[PDB]
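Residues per chain, in single letters:
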Amino acid sequence: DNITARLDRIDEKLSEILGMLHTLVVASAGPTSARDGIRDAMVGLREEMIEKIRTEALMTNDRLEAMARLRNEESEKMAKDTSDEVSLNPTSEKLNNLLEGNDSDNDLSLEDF
Amino acid sequence: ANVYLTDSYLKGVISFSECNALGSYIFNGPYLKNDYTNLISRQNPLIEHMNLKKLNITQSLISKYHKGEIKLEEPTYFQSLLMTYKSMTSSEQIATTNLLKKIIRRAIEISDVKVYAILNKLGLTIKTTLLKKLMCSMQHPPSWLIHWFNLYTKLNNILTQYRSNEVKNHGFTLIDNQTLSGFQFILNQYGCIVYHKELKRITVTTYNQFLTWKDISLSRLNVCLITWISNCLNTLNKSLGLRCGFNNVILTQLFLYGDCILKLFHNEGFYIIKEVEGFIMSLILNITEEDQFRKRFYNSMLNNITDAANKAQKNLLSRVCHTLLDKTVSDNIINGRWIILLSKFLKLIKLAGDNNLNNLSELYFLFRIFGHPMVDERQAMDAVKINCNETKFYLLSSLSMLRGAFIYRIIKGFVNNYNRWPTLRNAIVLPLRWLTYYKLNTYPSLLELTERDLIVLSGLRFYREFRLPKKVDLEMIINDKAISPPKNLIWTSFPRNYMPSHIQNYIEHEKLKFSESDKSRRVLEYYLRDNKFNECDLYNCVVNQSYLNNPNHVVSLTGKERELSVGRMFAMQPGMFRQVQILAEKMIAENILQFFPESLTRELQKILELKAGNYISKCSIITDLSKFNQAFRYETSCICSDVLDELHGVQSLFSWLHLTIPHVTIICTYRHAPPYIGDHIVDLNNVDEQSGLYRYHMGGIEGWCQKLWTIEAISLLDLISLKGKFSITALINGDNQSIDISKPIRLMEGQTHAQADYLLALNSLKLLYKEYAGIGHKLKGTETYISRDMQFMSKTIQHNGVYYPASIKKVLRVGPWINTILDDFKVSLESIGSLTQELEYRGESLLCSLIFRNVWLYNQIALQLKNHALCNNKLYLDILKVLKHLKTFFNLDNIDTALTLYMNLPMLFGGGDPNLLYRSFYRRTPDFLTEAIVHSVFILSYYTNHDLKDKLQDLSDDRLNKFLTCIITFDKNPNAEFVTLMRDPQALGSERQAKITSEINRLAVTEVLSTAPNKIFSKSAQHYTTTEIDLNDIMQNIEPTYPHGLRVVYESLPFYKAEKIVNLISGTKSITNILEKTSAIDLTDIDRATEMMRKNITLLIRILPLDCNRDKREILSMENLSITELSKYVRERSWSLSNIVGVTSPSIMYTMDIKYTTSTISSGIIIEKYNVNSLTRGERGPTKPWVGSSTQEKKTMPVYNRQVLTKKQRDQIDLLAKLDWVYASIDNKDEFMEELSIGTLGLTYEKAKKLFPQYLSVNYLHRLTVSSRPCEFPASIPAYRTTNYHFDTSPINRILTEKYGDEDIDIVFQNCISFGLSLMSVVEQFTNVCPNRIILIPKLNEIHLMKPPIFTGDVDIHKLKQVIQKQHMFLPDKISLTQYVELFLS
Amino acid sequence: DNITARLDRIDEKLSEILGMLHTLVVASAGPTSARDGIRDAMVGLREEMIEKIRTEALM
Amino acid sequence: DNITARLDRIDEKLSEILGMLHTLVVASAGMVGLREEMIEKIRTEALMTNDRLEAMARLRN
Amino acid sequence: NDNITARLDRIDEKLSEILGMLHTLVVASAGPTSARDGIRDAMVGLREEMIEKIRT
RNA sequence: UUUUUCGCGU
């Protein structure tokens, strides 16, 4: 049982290694903030990288979407993209109302436009 | 000197920058945008712009504009104004109507001969009553048709006048104010000013803008004409015309609303125009798809269109704010009444579709009906920059999963192909479970494969398995395209005037510091000017990684041509980096791409049948990958490319992109879009970044590494399938991909088969979005959409097994001189015929395609030949001479009848018919001479009252006899017969055939390449004629001549590559001017082309003499005549050869007699329909599609390693094996093959024999697989239609065993089956009823025995060695000893 | 058999570690290593340029 | 106690793994001997590949 | 037994490979603009040593 | 008018 007790800590430490490797995230090697050179591929723990993204250390187009992706959450934009029934913005609502229904506003004049 | 011949079709970019610069310099203010272009044009204008402005009429127009009488406007506004002409006069209207009536009547008269021949064969001024009724129907053309024809003719007259004058004298400007009423044109090569006096409006445009206006007019004319012909045909026979149908009033109104939208939204209206894809697809889904999918797609389409309209309005208001177009914005923009106009457009599109699958599928021509947007290069570059240089965050588990998926795909491919695991370094990294798979060569399936195994597999390193070619491949390197200059010479593209004085001085000082090769801008010039060239230069550069950190690396950018999406930019690189990229793509294609069958770079109908097939739920996800290139970084696109680098044993070859591109400057390299340099800066790396250029790309470039990105996407999709536990049948093809998701499910209570496929679709879409976000892609709902039973790819619609085509879209731009160089006449006729064949092949309308083709052929012959730019009237005089000759030869009483006969004669004998009758029934034929003779006989049956139902006989009217005599007897003056047969196995020779442009341009190309700095090409050209003589002399002593065996010898020998390069060079715009830095065309080229065209026109005179060349007597008797025998004798007499075998084959159309009922003599092909209905067009049957594939030859590939041999070496080995099989019975064979192997490869005959795939087929005249022999014989009808019928061959095999028994036959049965299927399709087209069965009785006299001959002769080894030594620089890589040693290691 | 089974589990987790670390090695080179001339050290030697070194040594 | 010694040395190897990975993370986000060791590795794989190539060459000869 | 000895003889090799990978990551990530020149010099020295060994 | 411009490709 001595060998088993000796390798139990081996298994625990290996599991910790794998868990923290799973939590590990890597960023792209894009240009620096000053745009005077190229930056190395920053790599680190997920929480620190999220902190850097929020503090604008690493510039990105969509910070909130980055947080949602790294935190394993369904963002509102993603839900809208993959919604069961997509909504209609007011312009599309007006276009749908115009299409569905017989002509009422006339204006069948090419010279008007 | 040299002449500048402009093009009659745009085939290019309507650049925003050129129009902006021209307008800015003309009007002394910002014309289209506040870029640097307007400032630089106003400061230092171009010489062409100054010449355009200094015109007397132009100065008056600018003075009038400055005084304020006329209001400046937009090119799109004048596009709309021209399209709604509403200014034609009565005289020109009646003239156009009369011309159109004449064209229609002549086209029907010409098509009457073909229709009569078809009807006579089938047994069912104008002789056919059907076409008599058609002519009676189409007597008065419709007003929209006259309008479009008049507009097109006016624009084409303006263009042809300008082109002719420009050819006559350089630097000509055409000032026109009478061709179009109320319109003023100042058209020029470098500008086009349009002024409307009545409306007091004026713009400046480009020559490309005028070209695309003319193309809009031509396209709308073609749509109206095709729809009118189809409707008129359907009026008297509903199954005679095209499947789709429009009244064309809706179509004209649709065009008016579309270009009204374009005018109202300016150049940004093409954003709205492009989104019509969504509306058409939604209308199709409303019919096919279920309730939930159709509603979701409809809502998404509405959102996309409205978002595009809002973005277009915002961009337009931002752009034209501080310009000269500030007050030109329509009042409808601000108040938002444009929504009513867009709703009217959409409703009218839906009405035109008329809730019909055929109409909605065919409507796709609307995209090309409107013009092309003026692409703003700087704006597109800014968009791609902001999309590219953005930091992306990847979970390390996700990257490991993707790499492991790629590794698993590679391992699966290696196992399935070579039956073994790849040699991998990290044998200890794998656990015991994977070690078992490594020792015993198997792989687990996806069901037992897991995320854990993908993580494990991501840490595998392999040894070299594939070999880089040591010698550069000139066929895949050389091209006629352009390359970007080096980084230090990037200013050489921009004009001097635009560049600052210090930049001009710097570039003048730096030119002499660069070689002549890299100082050029074209691929051909770059490689021809390389004095210090080396075959082992690309390999050395790749091995040494010379492209890394190269100071002379730059990436140009230019807007994509003829693209409705302005955000399409194509990039160029210097010669070395272009070589590296092309090589990486080529090796990925040859070696890695065949591990990923899901990537179709490989018939679209076929591919789509692949997709035509307690509860298994199926789905469909279609994703657009237009922006998928820019989402890749080194951390994503190179973790998988490192696998390819390791497999090839190379470093940084497949990952060159995200190792070199980030360190260089991405610059818009266009003539009229120069960046602002400033002062004391003479290099891109220090030039500041603005809208004109940017640095640190950090992303992919479209096109380059496209195959790598597609295989990475396939690996990602396989991973997605693993993580979602559903099967994926993804079929990615270039820029669009389709996904077939299948997952067995247990149905819940109250849930049907529907609304569960939707749930699977939603779950799979969520998974796809999450995984693409993890890999680094942010695809939105615009690109991707949801479907249940859609098979959509390459703009093709197919569901329920029925394929709905879009033939009008691709036959849309058919005109006088299309797809031609130097306005070639014969090439134009072939292009017209091929484009009009699309209607028959896809829309299933033989007669509509025939009428359209004859309309445009008659237009080209009798309307545009007298207006040829290069030769003013010589072609028309030659045509008149040929027509008079035909009238004298036959008993024709009218020059119109002579023209009809010429239009209906095959172009092989100097005729005018591009599409012979066999093309109407079977696409491919073994030989063309027999088919041409049969076509000529069938056509001559129109004037001579023969009967094709029975056997050919002899009558009093011996015009057919005279023709068949003039083609069988002639003088024999052959030369270079064997090399000519090697080049073209079906060549006739002795001036009995028309001359191809390459045949005359070969001498000029060799003369040019002789005086070239490149030693390789110089020596190849200098030793060309001697090589030709030696090649002719190699195999002149073989008694039985086999043209296909000669072609195999030609392919095996190294002269093939040199002559292929010569032929590719021969297709350039101007030979003898490549090494002169001029884009004009030499007078020698013009004269040579004119002489070729005149000789080609005046060919019927030589082929059909007025004395029959037989002393005006001894006319061949028609009784007991074999067309196959006659054609074979003509070929042998032309080549002065005792016996030519293996090239002639009986014409199936002539041989197969047609009877629709069975009898005691029913010994024919049994073809019958299986669908229980009268009309089977547009319906699917129960049988498998008739691919028409030829019989596979029998081979025994030896067991040896093939990955260590390159593709060129494998091809050479296969060619040598074919040679050994074909010419085994040769007295000189032993040392002939020994010397051939020693020359081509590094091995001897004995060593090479171990790699030869010995052939088990006794006959090589029936099973040989030359590139000059067809590999399949598909029918004219598409794949889906062939599924409605069943075919049999047992009576034919019985009769062919009774006669010519137990021996191979020259006839091909695949062509017979295709002919029968298309025959019954044509029968139902012409009779509105499908026969129950048709029987194809063969005429046994054309049937000939075809057996392997025993060659008697010796191959001239001296001449073979001379050819090998002279063309020693085009040989493939020699199989070295170090490569041969591992050929047999297990 | 328990010792062998848990040794096999440890081996599988070690393979996990090797895979993740190797993909980190590959993704960590980037264009930054190319300009510094250290990507060859990061990814190691390969057959083609080793053969080039061999033929240079013989020559 | 050879198995016990092997397990113990594996334990120090794992502890070194933790320390080295932690210092790598803090260096990337937040020496001569290591470079020498990695160069010696790169050399030993370069020598194994060269051994394979020379075996191929001697089989050729 | 033999199986245990083989398993440990593979495990220690795996640990050595892991240590090598951590070594190369630490070397590449650290030494900003200073260690790169040393790595380049070590690479050219390794190439010279390989050339000398092949010559010998 | 630094060869009018014209990528990779299917």
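Cut-off values and rules
Residues numbered from 1 in each chain as written, not as in the entry; some residues may be left out. Chains lettered and ligands numbered in written order. Heavy atoms only, no water. Helix = DSSP H or I, 4+ residues; strand = E, 2+ residues; numbered from the N terminus. Rg over C-alpha atoms; globule rule 2.2 N^0.38 Å. Buried < 20%, exposed > 50% of the residue type's maximum accessible area, 1.4 Å probe, protein only. Areas by Shrake-Rupley, 256 points an atom, 1.4 Å probe, with all protein chains shown as cover. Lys, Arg positive; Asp, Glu negative; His and termini not counted. Charge placed at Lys NZ, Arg CZ, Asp CG, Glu CD. Pairing = 2+ DSSP bridges. Near = heavy atom within 4 Å. Polar contact = N/O pair within 3.5 Å; in protein donor to acceptor, adjacent residues only side chain to side chain. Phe/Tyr/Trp six-rings, centres within 6.5 Å; stacked < 30°, edge-to-face > 60°. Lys NZ or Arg CZ within 6 Å of the ring centre and 35° of its normal. Axes fitted to C-alpha atoms, helices over the stretch in contact; angles between N-to-C directions. Parallel < 35°, antiparallel > 145°, perpendicular 65-115°, else oblique. Left-handed = near helix turned anticlockwise from the far one by under 90°. Contact = heavy atoms within 4.5 Å. Nonpolar A, V, L, I, M, F, W, Y, C, P; charged D, E, K, R; others polar. Buried area = accessible area lost by both parts, 1.4 Å probe. Salt bridge = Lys/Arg side-chain N within 4 Å of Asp/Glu carboxyl O. Domains from an automatic or database assignment.

A tally of regular secondary structure across chain C gives 3 helices and 0 strands. Element order for chain C, N to C, with α for helix and β for strand: α-α-α. Computed over the C-alpha atoms, the radius of gyration of chain C is 18 Å, more than 25% above the 10 Å expected from 2.2 N^0.38 for a compact globule of 59 residues. Each of the three principal axes of chain C carries a C-alpha extent, and together these read 60 × 30 × 10 Å. Going through the 59 residues of chain C one by one, you find that 64% of them count as buried.

This paragraph deals with the overall build of chain B. If you tally the helices and strands in chain B, you get 57 helices and 25 strands. Along the first, second and third principal axes, the C-alpha atoms of chain B reach 90 × 85 × 80 Å. The proportion of buried residues among the 1386 residues of chain B is 66%. Accessible surface, chain B: about 48,300 Å² in total, of which carbon and sulfur atoms supply 51%. Both charge centroids of chain B, one from 160 positive and one from 137 negative side chains, sit 4 Å from each other.

The next thing to look at is the pairing of strand β15 (residues 741-745) of chain B. All names here are of chain B. Bridging between strand β9 (residues 615-618) and β15 involves 4 bridges; their strand directions are antiparallel. Counterpart to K618 in the pairing with β15 is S742. Relative to β15, strand β13 (residues 727-728) runs antiparallel, the two sharing 2 bridges. Each bridged residue has a counterpart across the sheet, and for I728 the counterpart in β15 is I741.

All names here are of chain B. Near RNA strand F lie 40 residues; those nearest to it are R496, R521, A571, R671 and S1079. Protein-adjacent atoms of RNA strand F, using a 4 Å cutoff, are sugar or phosphate at a proportion of 61%. A distance of 2.8 Å separates a sugar or linking oxygen of RNA strand F from a polar atom in the side chain of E48. The separation between a sugar or linking oxygen of RNA strand F and a polar side-chain atom of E561 is 3.1 Å.

Residues and elements named next belong to chain B. Counting across every chain of the model gives 49 aromatic pairs over all chains. On the numbers, 5.6 Å between centres and 0 degrees between planes, the contact of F632 with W709 is stacked. You can see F632 sitting in the loop between β10 (620-624) and α28 (634-637) and its partner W709 sitting in helix α31 (residues 706-724), a full 77 residues away along the chain. Across the pair, exposure class does not vary: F632 and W709 are buried alike. Grouped by ring-pair contacts, the aromatic residues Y1042, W1221, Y1223, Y1255, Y1260 and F1351 constitute a single cluster. The ring of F889 carries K962 above its face, with NZ or CZ at 4.4 Å from the centroid.

Residue and element names in this part refer to chain B. Contact geometry of helix α36 (residues 874-889) with helix α46 (residues 1083-1097) gives a least axis separation of 9 Å together with a crossing angle of 15 degrees. Relative to α46, the element α36 lies roughly parallel. Between α36 and α46 lies a crossing whose hand is right-handed. Facing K874, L875, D878, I879, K881 and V882 of α36, the residues of α46 in contact are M1093, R1094 and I1097. Looking at the contact of α36 with α46, its residues break down into 5 nonpolar, no polar and 4 charged.

The next thing to look at is the interface of chain C and chain A. Often, the extent of an interface is quoted as the loss of accessible area on bringing the components together. Contact residues are listed per partner, giving 12 residues for chain C and 15 residues for chain A. Of the roughly 1,400 Å² buried between chain C and chain A, counting both surfaces, carbon and sulfur atoms make up 77%. It is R6(C), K13(C) and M20(C) in chain C that bury the most area against chain A; as a group they hold 34% of the surface buried on that side. Between chain C and chain A we count 2 salt bridges in total. A salt bridge links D8(A) to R6(C), with the nearest nitrogen and oxygen atoms 2.5 Å apart. The tally of links between chain C and chain A comes to 2 residue pairs in polar contact.

This part covers the pattern of salt bridges. Applying the stated criterion to the full structure yields 86 salt bridges over all chains. The closest approach of N and O atoms between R319(B) and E74(B), which form a salt bridge, is 3.9 Å. Note that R464(B) is salt-bridged to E51(C), the shortest N-O span being 2.6 Å. A residue pair is termed interchain when its members come from two chains, as with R464(B) in the loop between α21 (451-457) and α22 (474-477) and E51(C) in helix α3 (residues 47-58). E51(C) sits in the partly exposed class, given a relative accessible area of 26%. Ionic contacts of the salt-bridge type, sharing partners, join the residues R6(A), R9(A), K13(A), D8(D) and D11(D) into one network.

Moving on, we come to the sheet that holds strand β4 (residues 192-196) of chain B. Residue and element names in this part refer to chain B. Strand order in the open sheet made by the 4 strands is β2-β5-β4-β3, with mixed pairing throughout. Single-partner strands in this sheet number two, and they are β2 (71-72) and β3 (183-185). In terms of strand pairing, β2 meets strand β5 (residues 201-205) through 2 bridges, oriented parallel. Its bridge partner being in β5, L72 is matched across the sheet by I202. Contacts from helix α5 (residues 75-83) reach β3, β4 and β5, with the element oriented near 110 degrees to β5.

A few words now on the domain arrangement of chain B. Residue and element names in this part refer to chain B. Assigned domains of chain B: these are domain 1 (1-242), domain 2 (246-366) and domain 3 (1148-1192 + 1269-1338). Look at where the C-alpha atoms of domain 1 and domain 2 centre, and you get two points 24 Å apart. On the side of domain 2, 21 residues touch domain 1, which itself brings 26 residues to the contact. Applying the counting criterion to the domain 1 and domain 2 interface returns 2 salt bridges. Here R220 makes a salt bridge to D259, at a shortest N to O gap of 3.6 Å. Where domain 1 touches domain 2, the interface holds 7 residue pairs in polar contact.

What follows covers the sheet that holds strand β25 (residues 1333-1338) of chain B. All names here are of chain B. Here we have 4 strands laid out as an open sheet, ordered β20-β25-β21-β24, and antiparallel in their pairing. Strand pairing shows two members of the sheet lacking a second neighbour, β20 (1152-1155) and β24 (1285-1288), which therefore form its edges. Pairs of neighbouring strands in the sheet enclose a mean axial angle of 20 degrees, with direction left out of account. Two elements, strand β21 (residues 1165-1169) and β25, share 4 bridges in a ladder whose sense is antiparallel. Directly across from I1165, in β25, lies its bridge partner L1336. Together, β20, β21, β24 and β25 form the strand contacts of helix α55 (residues 1309-1327), whose direction differs from that of β25 by roughly 135 degrees.

All names here are of chain A. In this structure, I50 sits in helix α2 (residues 46-54). By relative accessible area, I50 is classed as buried at 3%. Taking the C-alpha atoms as reference points, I50 and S92, 42 residues apart in sequence, are found 37 Å from one another. Discounting chain neighbours no more than four positions away, the residues touching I50 are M67, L70 and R71.

Another aspect to go through is the side chain of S17(B). Residues and elements named next belong to chain B. For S17, the location among the structural elements is in helix α1 (residues 16-27). For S17, a relative accessible area of 1% puts it in the buried group. At 3.3 Å, the side chain of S17 forms a polar contact with the side chain of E377. Setting aside residues no more than four positions away along its own chain, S17 makes contact with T37, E377, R378, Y670, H672 and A673.

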